[PDB]
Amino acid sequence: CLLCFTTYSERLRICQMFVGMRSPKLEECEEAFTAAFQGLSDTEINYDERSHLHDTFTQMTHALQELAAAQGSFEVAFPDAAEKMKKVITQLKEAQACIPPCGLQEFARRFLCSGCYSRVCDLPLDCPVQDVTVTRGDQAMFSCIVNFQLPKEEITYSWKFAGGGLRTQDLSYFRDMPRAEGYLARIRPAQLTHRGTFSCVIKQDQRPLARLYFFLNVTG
């Protein structure tokens, strides 16, 4: 995480304060620094903690500066700060676990220090079809509910219908169902012409987080 939360100029300035502006050791110093953090090069942290960690690294830089200004060897200074940061990292709050089988799960997002970028679970947007069997004249209810946490802001539910009795996730068979809004869709009453797949797209603003599918089997 050293490379992600400190810049090359900061690290060069630290090493110069250690050995000198244009010292021949100035190169070795560099490789003592980065190597000292080699173990933390592939850690994954809770995305929501990145700022915190970055701030901590800022503190670290200053702590090193003073250490260099007061003589002090870089050879011991860098492993020391590396272990301090290792403990800081171990005490950070964890992101939520990935929950199968589908969805963009923002509360599971993690920051990868190897590459310095964020990542959610590699799950499909489309969730498995849920079979819902009712009889003619009976009420049917589709709950657009996922098993992972959704953001609070800007969530909408868009419904679609693929008729003709198709059990399908293929979008080319669906038309929009503008009557339906919200997480709960009701067919009152269900009839044979409702046979088909109902889909609900959960969106944050305009980006989809999940697409659910309900195959309504209406029985005579």
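Start at 1 with the first residue shown and count on from there.
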Decide which of the stretches 8-16 and 195-203 has the higher mean C-alpha B-factor, going by the entry. 8-16
Per the entry, where is the mean C-alpha temperature factor higher: 181-189 or 37-45? 37-45
Among the candidates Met60, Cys29, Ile155, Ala162, give the one with the maximum CA B-factor reported in the record. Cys29
Go through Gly137, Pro79, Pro124, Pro100 one by one and give the residue whose Cα B-factor in the PDB entry is largest. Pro79
Going by the recorded CA B-factors, say which third of the chain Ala69 sits in, lowest, middle or highest. highest
If you rank the chain by CA B-factor, which third does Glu83 end up in: lowest, middle or highest? highest
Would the CA B-factor of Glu106 place it in the lowest, middle or highest third of its chain? lowest
